[PDB]
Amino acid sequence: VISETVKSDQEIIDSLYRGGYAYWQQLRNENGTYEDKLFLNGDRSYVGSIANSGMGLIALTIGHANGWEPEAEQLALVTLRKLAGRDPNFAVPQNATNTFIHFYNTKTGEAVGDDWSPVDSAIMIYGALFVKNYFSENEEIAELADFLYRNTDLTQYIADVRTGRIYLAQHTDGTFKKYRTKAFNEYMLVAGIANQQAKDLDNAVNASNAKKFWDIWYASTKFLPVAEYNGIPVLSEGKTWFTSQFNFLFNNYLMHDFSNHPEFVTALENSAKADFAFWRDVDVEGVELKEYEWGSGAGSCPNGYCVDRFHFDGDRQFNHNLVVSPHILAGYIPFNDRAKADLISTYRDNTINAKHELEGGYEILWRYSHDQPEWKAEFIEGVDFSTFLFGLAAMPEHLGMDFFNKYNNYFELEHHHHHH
């Protein structure tokens, strides 16, 4: 255990906060694309993620605000021009409905995989709109953001209003894959854009249904499914399982419709209480978690890539390597009283492989396994890692959650809900 004499709580938080931004600085390519994964050894696969352009745009504002990225406005422009197809070296692939491919080659632009992804498209668009707000005097950033927002219609992904279903993905030719996904989850991101587009796009495919969908499932929490963890109500896709915790965090940091809505904020707080309670209920032979260890996330694991979820009464069947996620714990810091202290404790614990150093000596925390304590991650997926910086940045004495609730307000002016 690292003593408070060797390193103070403040020194730890300062290191991790700067480290969380250096991550993004390293994930970013000069051409304004972002790798899917950061390799801790300095390797680069040149496999990019569209989602990480959105998260990286957000991160640029955080670095800027902290004095760590004085070029940020121009880095944001480079990324947005690249996303808009305005760099002649290559464009990111889009399918027959202008949906972006999830992954692509960051040297050549070749598509990678089969996932023409509305959600990853939506994360990119949010990041564009976030930098538009942040660099609000740059007209070219506004124009590019508006172009990206208007040119992928997400109203088409609303599948069935009465059951809360959105199509997961499209095929190359623009038809939908079979799979539908139900509220509550991170497809709130999709719904939100579709709700705005219904108002804003002249030719929205499916405007009325997108509005109706939003009004039932996401204008309030009233109709969302609830699954109870030890009597704690947790929004979910149904009553007998839990969705991913990152869904609450992505929706909160990226969408005003979540972060500015007290029902949704309360839901995120409850969800974090359930994740803590879960980790305290785990009783696996040969494992002993300390009290400060918790957070159910997605990301690299001994099995490759894992989407870890909690389940009733400490049941770890949906957490295949019994991985604990410090990016999720960090993400909770503004929303749970003990998360910050627990993140620090986690850093101090030398029996777990949570600490990682980046090139340049920067420090972060990341996923580690209780089934395989000697495992140490070799890379970090940006979409998941996002919430580490965001949670640290949203500390009250850092930028605060009001930073995100201000700059994620894409669709309203400041006095919208005030007296005229």
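Note that residue numbering follows the sequence shown and begins at 1.
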Task: Higher-B stretch (mean Cα B-factor, as the entry records it), 381-389 or 41-49 - done: 41-49
Task: 361-369 set against 391-399, stretch whose average Cα temperature factor tops the other in the entry - done: 361-369
TODO: Can you pull the Cα B-factors for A191, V324, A330, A96 from the entry and say which is highest?
DONE: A96
TODO: Could you check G174, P334, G113, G299 and tell me which one carries the biggest Cα B-factor in the deposited entry?
DONE: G174
- [ ] Sorting the chain's modelled residues by C-alpha B-factor, tell me whether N405 ends up in the lowest, middle or highest third.
- [x] middle
Task: Chain-wide C-alpha B factor ranking for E139, given as lowest, middle or highest third - done: highest
- [ ] Within this chain's modelled residues, let me know which third the CA B factor of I352 belongs to: lowest, middle or highest.
- [x] highest
Open item on the list: Considering every modelled residue of the chain and its Cα B-factor in the PDB entry, is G304 in the lowest, middle or highest third?
Closed with: middle
Task: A267 CA temperature factor, ranked by third within the chain - done: lowest
